[PDB]
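One file, input-v9.pdb, is given below (PDB, C-alpha atoms).
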```
MODEL        1
ATOM      1  CA  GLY A   1      -7.592  15.734  52.995
ATOM      2  CA  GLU A   2      -4.828  13.398  54.113
ATOM      3  CA  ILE A   3      -2.314  15.049  51.788
ATOM      4  CA  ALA A   4      -3.115  18.570  53.037
ATOM      5  CA  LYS A   5      -2.943  17.345  56.634
ATOM      6  CA  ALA A   6       0.501  15.803  56.045
ATOM      7  CA  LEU A   7       1.778  18.999  54.412
ATOM      8  CA  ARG A   8       0.564  20.968  57.452
ATOM      9  CA  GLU A   9       2.491  18.441  59.555
ATOM     10  CA  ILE A  10       5.619  19.261  57.544
ATOM     11  CA  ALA A  11       5.047  22.977  58.158
ATOM     12  CA  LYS A  12       4.604  22.356  61.886
ATOM     13  CA  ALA A  13       7.901  20.444  62.039
ATOM     14  CA  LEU A  14       9.670  23.300  60.237
ATOM     15  CA  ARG A  15       8.251  25.872  62.702
ATOM     16  CA  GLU A  16       9.731  23.576  65.361
ATOM     17  CA  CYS A  17      13.066  23.696  63.532
ATOM     18  CA  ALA A  18      12.872  27.498  63.426
ATOM     19  CA  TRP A  19      12.266  27.639  67.192
ATOM     20  CA  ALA A  20      15.370  25.541  67.733
ATOM     21  CA  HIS A  21      17.452  27.763  65.437
ATOM     22  CA  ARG A  22      16.288  30.809  67.413
ATOM     23  CA  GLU A  23      17.497  29.030  70.573
ATOM     24  CA  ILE A  24      20.878  28.447  68.933
ATOM     25  CA  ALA A  25      21.170  32.156  68.111
ATOM     26  CA  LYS A  26      20.402  32.958  71.746
ATOM     27  CA  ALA A  27      22.898  30.357  73.011
ATOM     28  CA  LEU A  28      25.659  31.855  70.857
ATOM     29  CA  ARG A  29      24.905  35.277  72.326
ATOM     30  CA  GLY A  30      25.453  33.957  75.854
TER      31      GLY A  30
ATOM     32  CA  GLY B   1      -2.474   6.729  50.544
ATOM     33  CA  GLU B   2       1.171   6.172  49.656
ATOM     34  CA  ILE B   3       1.737   9.868  48.910
ATOM     35  CA  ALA B   4       0.258  10.995  52.233
ATOM     36  CA  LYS B   5       2.270   8.332  54.105
ATOM     37  CA  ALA B   6       5.504   9.548  52.517
ATOM     38  CA  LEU B   7       4.690  13.173  53.312
ATOM     39  CA  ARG B   8       4.164  12.114  56.933
ATOM     40  CA  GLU B   9       7.585  10.439  56.868
ATOM     41  CA  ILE B  10       9.033  13.747  55.672
ATOM     42  CA  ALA B  11       7.410  15.519  58.630
ATOM     43  CA  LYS B  12       8.724  12.863  61.035
ATOM     44  CA  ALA B  13      12.295  13.274  59.741
ATOM     45  CA  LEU B  14      12.050  17.033  60.203
ATOM     46  CA  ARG B  15      10.896  16.510  63.807
ATOM     47  CA  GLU B  16      14.112  14.500  64.223
ATOM     48  CA  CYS B  17      16.008  17.422  62.785
ATOM     49  CA  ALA B  18      14.320  19.791  65.251
ATOM     50  CA  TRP B  19      15.205  17.515  68.163
ATOM     51  CA  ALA B  20      18.871  17.548  67.112
ATOM     52  CA  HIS B  21      18.905  21.353  66.731
ATOM     53  CA  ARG B  22      17.520  21.661  70.281
ATOM     54  CA  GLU B  23      20.391  19.398  71.409
ATOM     55  CA  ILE B  24      22.821  21.675  69.587
ATOM     56  CA  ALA B  25      21.424  24.694  71.480
ATOM     57  CA  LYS B  26      21.800  22.753  74.740
ATOM     58  CA  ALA B  27      25.397  21.811  73.929
ATOM     59  CA  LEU B  28      26.167  25.472  73.188
ATOM     60  CA  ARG B  29      24.618  26.638  76.465
ATOM     61  CA  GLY B  30      26.452  23.976  78.470
TER      62      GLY B  30
ATOM     63  CA  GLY C   1       4.255   4.974  42.425
ATOM     64  CA  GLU C   2       7.251   6.996  41.268
ATOM     65  CA  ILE C   3       6.020  10.111  43.093
ATOM     66  CA  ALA C   4       5.578   8.245  46.388
ATOM     67  CA  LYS C   5       8.995   6.601  46.017
ATOM     68  CA  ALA C   6      10.640   9.982  45.405
ATOM     69  CA  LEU C   7       8.924  11.488  48.445
ATOM     70  CA  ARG C   8      10.269   8.567  50.506
ATOM     71  CA  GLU C   9      13.745   9.377  49.181
ATOM     72  CA  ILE C  10      13.299  12.942  50.427
ATOM     73  CA  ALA C  11      12.334  11.630  53.866
ATOM     74  CA  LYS C  12      15.344   9.295  53.941
ATOM     75  CA  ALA C  13      17.684  12.156  53.008
ATOM     76  CA  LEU C  14      16.224  14.206  55.847
ATOM     77  CA  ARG C  15      16.846  11.274  58.214
ATOM     78  CA  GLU C  16      20.486  11.477  57.054
ATOM     79  CA  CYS C  17      20.454  15.171  57.857
ATOM     80  CA  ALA C  18      19.083  14.478  61.345
ATOM     81  CA  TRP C  19      21.857  11.916  61.994
ATOM     82  CA  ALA C  20      24.443  14.496  60.992
ATOM     83  CA  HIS C  21      22.916  17.185  63.205
ATOM     84  CA  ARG C  22      23.090  14.735  66.119
ATOM     85  CA  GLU C  23      26.779  14.253  65.344
ATOM     86  CA  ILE C  24      27.243  18.031  65.434
ATOM     87  CA  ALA C  25      25.651  18.128  68.920
ATOM     88  CA  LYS C  26      27.901  15.307  70.083
ATOM     89  CA  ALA C  27      30.972  17.105  68.729
ATOM     90  CA  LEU C  28      30.000  20.335  70.496
ATOM     91  CA  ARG C  29      29.630  18.584  73.852
ATOM     92  CA  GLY C  30      32.869  16.673  73.347
TER      93      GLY C  30
ATOM     94  CA  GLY D   1       7.540  11.758  34.982
ATOM     95  CA  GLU D   2       8.860  15.300  35.293
ATOM     96  CA  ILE D   3       7.379  15.699  38.773
ATOM     97  CA  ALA D   4       8.911  12.466  40.090
ATOM     98  CA  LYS D   5      12.292  13.399  38.565
ATOM     99  CA  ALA D   6      12.172  16.834  40.201
ATOM    100  CA  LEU D   7      11.337  15.267  43.572
ATOM    101  CA  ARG D   8      14.347  12.953  43.207
ATOM    102  CA  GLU D   9      16.492  16.047  42.516
ATOM    103  CA  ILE D  10      15.238  17.478  45.802
ATOM    104  CA  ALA D  11      16.227  14.270  47.618
ATOM    105  CA  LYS D  12      19.667  14.315  45.979
ATOM    106  CA  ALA D  13      20.222  17.930  47.066
ATOM    107  CA  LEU D  14      19.256  16.972  50.622
ATOM    108  CA  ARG D  15      21.759  14.118  50.543
ATOM    109  CA  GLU D  16      24.365  16.754  49.619
ATOM    110  CA  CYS D  17      23.270  18.813  52.602
ATOM    111  CA  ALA D  18      23.655  15.769  54.875
ATOM    112  CA  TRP D  19      27.162  15.186  53.527
ATOM    113  CA  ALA D  20      28.081  18.775  54.346
ATOM    114  CA  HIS D  21      26.598  18.502  57.837
ATOM    115  CA  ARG D  22      28.703  15.384  58.414
ATOM    116  CA  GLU D  23      31.735  17.449  57.356
ATOM    117  CA  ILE D  24      30.766  20.150  59.849
ATOM    118  CA  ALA D  25      30.674  17.535  62.625
ATOM    119  CA  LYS D  26      34.157  16.304  61.691
ATOM    120  CA  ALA D  27      35.490  19.870  61.572
ATOM    121  CA  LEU D  28      34.174  20.489  65.083
ATOM    122  CA  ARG D  29      35.805  17.311  66.381
ATOM    123  CA  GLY D  30      39.250  18.395  65.198
TER     124      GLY D  30
ATOM    125  CA  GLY E   1       5.066  21.937  33.666
ATOM    126  CA  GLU E   2       4.904  24.796  36.138
ATOM    127  CA  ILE E   3       4.758  22.393  39.076
ATOM    128  CA  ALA E   4       7.824  20.428  37.952
ATOM    129  CA  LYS E   5       9.689  23.682  37.274
ATOM    130  CA  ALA E   6       8.963  24.950  40.795
ATOM    131  CA  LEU E   7      10.115  21.656  42.346
ATOM    132  CA  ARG E   8      13.347  22.016  40.375
ATOM    133  CA  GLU E   9      13.738  25.508  41.857
ATOM    134  CA  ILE E  10      13.379  23.934  45.263
ATOM    135  CA  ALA E  11      16.128  21.416  44.463
ATOM    136  CA  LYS E  12      18.434  24.161  43.168
ATOM    137  CA  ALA E  13      17.917  26.267  46.299
ATOM    138  CA  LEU E  14      18.827  23.210  48.386
ATOM    139  CA  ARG E  15      21.984  22.783  46.290
ATOM    140  CA  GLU E  16      22.781  26.389  47.288
ATOM    141  CA  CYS E  17      22.232  25.464  50.918
ATOM    142  CA  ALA E  18      24.585  22.490  50.554
ATOM    143  CA  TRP E  19      27.308  24.707  49.054
ATOM    144  CA  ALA E  20      27.006  27.072  52.029
ATOM    145  CA  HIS E  21      27.139  24.250  54.562
ATOM    146  CA  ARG E  22      30.361  23.065  52.889
ATOM    147  CA  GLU E  23      31.767  26.583  53.316
ATOM    148  CA  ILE E  24      30.777  26.481  56.983
ATOM    149  CA  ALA E  25      32.767  23.248  57.440
ATOM    150  CA  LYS E  26      35.751  24.827  55.663
ATOM    151  CA  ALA E  27      35.562  27.933  57.852
ATOM    152  CA  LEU E  28      35.505  25.752  60.991
ATOM    153  CA  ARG E  29      38.590  23.827  59.909
ATOM    154  CA  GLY E  30      40.371  27.067  59.069
TER     155      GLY E  30
ATOM    156  CA  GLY F   1      -1.554  28.041  39.526
ATOM    157  CA  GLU F   2      -1.815  28.390  43.297
ATOM    158  CA  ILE F   3       0.142  25.187  43.904
ATOM    159  CA  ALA F   4       2.998  26.160  41.589
ATOM    160  CA  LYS F   5       3.185  29.644  43.111
ATOM    161  CA  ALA F   6       3.329  28.160  46.611
ATOM    162  CA  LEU F   7       6.151  25.819  45.551
ATOM    163  CA  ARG F   8       8.045  28.812  44.151
ATOM    164  CA  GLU F   9       7.598  30.558  47.534
ATOM    165  CA  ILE F  10       9.161  27.499  49.181
ATOM    166  CA  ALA F  11      12.095  27.777  46.774
ATOM    167  CA  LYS F  12      12.475  31.499  47.484
ATOM    168  CA  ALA F  13      12.487  30.885  51.236
ATOM    169  CA  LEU F  14      15.183  28.235  50.803
ATOM    170  CA  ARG F  15      17.310  30.681  48.773
ATOM    171  CA  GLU F  16      16.972  33.022  51.767
ATOM    172  CA  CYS F  17      18.164  30.211  54.017
ATOM    173  CA  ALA F  18      21.165  29.664  51.730
ATOM    174  CA  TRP F  19      22.021  33.375  51.895
ATOM    175  CA  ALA F  20      21.956  33.192  55.687
ATOM    176  CA  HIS F  21      24.174  30.099  55.728
ATOM    177  CA  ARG F  22      26.648  31.925  53.477
ATOM    178  CA  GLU F  23      26.652  34.738  56.067
ATOM    179  CA  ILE F  24      27.358  32.160  58.787
ATOM    180  CA  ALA F  25      30.391  30.859  56.834
ATOM    181  CA  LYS F  26      31.627  34.456  56.532
ATOM    182  CA  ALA F  27      31.083  35.151  60.237
ATOM    183  CA  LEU F  28      33.110  32.071  61.189
ATOM    184  CA  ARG F  29      35.920  33.286  58.955
ATOM    185  CA  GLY F  30      35.924  36.693  60.627
TER     186      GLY F  30
ATOM    187  CA  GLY G   1      -7.292  25.205  48.167
ATOM    188  CA  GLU G   2      -6.169  23.263  51.234
ATOM    189  CA  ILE G   3      -3.059  21.868  49.511
ATOM    190  CA  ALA G   4      -1.891  25.291  48.303
ATOM    191  CA  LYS G   5      -2.560  26.779  51.747
ATOM    192  CA  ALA G   6      -0.446  24.083  53.405
ATOM    193  CA  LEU G   7       2.404  24.620  50.955
ATOM    194  CA  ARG G   8       2.295  28.329  51.830
ATOM    195  CA  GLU G   9       2.582  27.336  55.519
ATOM    196  CA  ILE G  10       5.680  25.375  54.614
ATOM    197  CA  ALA G  11       7.146  28.425  52.838
ATOM    198  CA  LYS G  12       6.370  30.692  55.806
ATOM    199  CA  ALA G  13       8.013  28.245  58.232
ATOM    200  CA  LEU G  14      11.128  28.282  56.027
ATOM    201  CA  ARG G  15      11.104  32.087  56.100
ATOM    202  CA  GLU G  16      11.138  31.779  59.903
ATOM    203  CA  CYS G  17      14.117  29.450  59.552
ATOM    204  CA  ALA G  18      15.933  31.929  57.333
ATOM    205  CA  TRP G  19      15.395  34.731  59.884
ATOM    206  CA  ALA G  20      16.835  32.564  62.655
ATOM    207  CA  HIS G  21      19.874  31.602  60.579
ATOM    208  CA  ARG G  22      20.534  35.313  59.963
ATOM    209  CA  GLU G  23      20.393  35.839  63.728
ATOM    210  CA  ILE G  24      22.922  33.017  64.154
ATOM    211  CA  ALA G  25      25.284  34.779  61.726
ATOM    212  CA  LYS G  26      24.821  38.027  63.663
ATOM    213  CA  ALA G  27      25.514  36.321  67.003
ATOM    214  CA  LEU G  28      28.737  34.783  65.638
ATOM    215  CA  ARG G  29      29.864  38.150  64.302
ATOM    216  CA  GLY G  30      29.171  39.933  67.588
TER     217      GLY G  30
ENDMDL
END
```
Translate this file's structure into structure tokens.
Amino acid sequence: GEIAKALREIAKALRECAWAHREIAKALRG
Amino acid sequence: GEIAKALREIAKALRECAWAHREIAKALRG
Amino acid sequence: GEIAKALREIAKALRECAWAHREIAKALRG
Amino acid sequence: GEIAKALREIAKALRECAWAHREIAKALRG
Amino acid sequence: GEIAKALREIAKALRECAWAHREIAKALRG
Amino acid sequence: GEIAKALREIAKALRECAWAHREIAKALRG
Amino acid sequence: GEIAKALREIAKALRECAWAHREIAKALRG
């Protein structure tokens, strides 16, 4: 369904956010 | 549908958020 | 519909968040 | 409806988050 | 309804996030 | 219901995020 | 259901976000 697909799109964007936050943690280390 | 379209706009905004967090990581590295 | 409108409000608020995160990146570089 | 009202509460909370992120940007500038 | 109640929990959690982001701004100023 | 339970898991995850942001505010203080 | 499954993906992505924010707090402390 279109609604399920859009919700999966939201999840994908949030996994993208998480990746970026992990990069921030690494940047602060260095 | 209007609900699906709005959910897709939520995902798009979160992709913007992810892009900015990646820029934050870059600013911290540099 | 009221549900669709509310979901669009959520998306707009997240677009505000993204703008603010971009400002944080700009502040860190500057 | 209760669902629409709850979704608007989510948007309002996210607008609060954006406000705080804007404050973080200003704090970093100074 | 259970769905509305859960959405309200989501909004409340985001209000917690906003409070914490405000504390982050305050810590940066101080 | 499965949908309500999933929404409550989203809320719980966001409360975890808030806890982490509170730790960030503390870390900046120290 | 597909909608419930997608909402659970959203929750899991937020749990990834929370882990990363904790790592950010740890990096700032150290």
For the atom pair atom CA of residue 9 of chain D and atom CA of residue 19 of chain F, what is the interatomic distance in Å to one decimal place?
20.5 Å
Evaluated on this file, the PyMOL selection byres ((chain B and resi 24) around 8) picks out some residues - which ones are they, written as a PDB file with C-alpha atoms, in the frame of the given file?
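File written: expr_17.pdb
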```
ATOM      1  CA  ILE A  24      20.878  28.447  68.933  1.00  0.00           C
TER       2      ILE A  24
ATOM      3  CA  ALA B  20      18.871  17.548  67.112  1.00  0.00           C
ATOM      4  CA  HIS B  21      18.905  21.353  66.731  1.00  0.00           C
ATOM      5  CA  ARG B  22      17.520  21.661  70.281  1.00  0.00           C
ATOM      6  CA  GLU B  23      20.391  19.398  71.409  1.00  0.00           C
ATOM      7  CA  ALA B  25      21.424  24.694  71.480  1.00  0.00           C
ATOM      8  CA  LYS B  26      21.800  22.753  74.740  1.00  0.00           C
ATOM      9  CA  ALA B  27      25.397  21.811  73.929  1.00  0.00           C
ATOM     10  CA  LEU B  28      26.167  25.472  73.188  1.00  0.00           C
TER      11      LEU B  28
ATOM     12  CA  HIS C  21      22.916  17.185  63.205  1.00  0.00           C
ATOM     13  CA  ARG C  22      23.090  14.735  66.119  1.00  0.00           C
ATOM     14  CA  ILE C  24      27.243  18.031  65.434  1.00  0.00           C
ATOM     15  CA  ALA C  25      25.651  18.128  68.920  1.00  0.00           C
ATOM     16  CA  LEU C  28      30.000  20.335  70.496  1.00  0.00           C
TER      17      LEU C  28
END
```
When the cut-off is 12 Å and we count all atoms listed in the file, which residues of chain A are near chain C, given as a list in words?
residues 3, 7, 10, 17 and 24 of chain A
Could you add the missing atoms to segment 1-28 of chain C, up to N, CA and C atoms, and return them as a compact mmCIF listing (two decimals), in the frame of the given file?
```txt
# COMPACT_ATOMS: atom_id res chain seq x y z
N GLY C 1 4.16 3.99 43.48
CA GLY C 1 4.26 4.97 42.42
C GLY C 1 5.57 5.72 42.49
N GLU C 2 5.99 6.26 41.35
CA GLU C 2 7.25 7.00 41.27
C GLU C 2 7.23 8.24 42.15
N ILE C 3 6.07 8.89 42.28
CA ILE C 3 6.02 10.11 43.09
C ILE C 3 6.19 9.75 44.57
N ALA C 4 5.46 8.73 45.02
CA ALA C 4 5.58 8.24 46.39
C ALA C 4 7.01 7.80 46.70
N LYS C 5 7.63 7.06 45.79
CA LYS C 5 8.99 6.60 46.02
C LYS C 5 9.95 7.78 46.18
N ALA C 6 9.77 8.81 45.36
CA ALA C 6 10.64 9.98 45.40
C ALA C 6 10.46 10.74 46.72
N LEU C 7 9.21 10.85 47.16
CA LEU C 7 8.92 11.49 48.44
C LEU C 7 9.58 10.71 49.60
N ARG C 8 9.58 9.39 49.51
CA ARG C 8 10.27 8.57 50.51
C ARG C 8 11.77 8.78 50.46
N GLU C 9 12.32 9.06 49.28
CA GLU C 9 13.74 9.38 49.18
C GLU C 9 14.05 10.70 49.88
N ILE C 10 13.13 11.65 49.77
CA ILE C 10 13.30 12.94 50.43
C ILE C 10 13.32 12.74 51.94
N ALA C 11 12.39 11.93 52.43
CA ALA C 11 12.33 11.63 53.87
C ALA C 11 13.61 10.95 54.34
N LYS C 12 14.11 10.00 53.56
CA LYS C 12 15.34 9.30 53.94
C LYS C 12 16.53 10.26 53.99
N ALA C 13 16.61 11.17 53.02
CA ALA C 13 17.68 12.16 53.01
C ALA C 13 17.60 13.05 54.24
N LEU C 14 16.39 13.39 54.65
CA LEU C 14 16.22 14.21 55.85
C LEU C 14 16.61 13.42 57.11
N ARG C 15 16.38 12.11 57.11
CA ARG C 15 16.85 11.27 58.21
C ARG C 15 18.38 11.26 58.24
N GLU C 16 19.02 11.34 57.08
CA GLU C 16 20.49 11.48 57.05
C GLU C 16 20.91 12.81 57.66
N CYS C 17 20.17 13.86 57.32
CA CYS C 17 20.45 15.17 57.86
C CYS C 17 20.34 15.14 59.37
N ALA C 18 19.28 14.53 59.89
CA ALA C 18 19.08 14.48 61.34
C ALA C 18 20.23 13.75 62.04
N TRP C 19 20.73 12.67 61.44
CA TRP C 19 21.86 11.92 61.99
C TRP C 19 23.08 12.82 62.10
N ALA C 20 23.30 13.61 61.05
CA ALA C 20 24.44 14.50 60.99
C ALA C 20 24.30 15.62 62.02
N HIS C 21 23.09 16.14 62.19
CA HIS C 21 22.92 17.18 63.20
C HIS C 21 23.17 16.62 64.61
N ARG C 22 22.77 15.37 64.84
CA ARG C 22 23.09 14.74 66.12
C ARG C 22 24.59 14.61 66.31
N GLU C 23 25.32 14.33 65.24
CA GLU C 23 26.78 14.25 65.34
C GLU C 23 27.38 15.62 65.67
N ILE C 24 26.78 16.68 65.13
CA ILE C 24 27.24 18.03 65.43
C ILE C 24 27.05 18.32 66.93
N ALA C 25 25.89 17.96 67.48
CA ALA C 25 25.65 18.13 68.92
C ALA C 25 26.66 17.36 69.76
N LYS C 26 26.95 16.13 69.35
CA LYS C 26 27.90 15.31 70.08
C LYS C 26 29.30 15.92 70.05
N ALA C 27 29.68 16.45 68.89
CA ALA C 27 30.97 17.10 68.73
C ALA C 27 31.08 18.37 69.58
N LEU C 28 29.98 19.11 69.69
CA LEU C 28 30.00 20.34 70.50
C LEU C 28 30.13 20.03 71.99
```
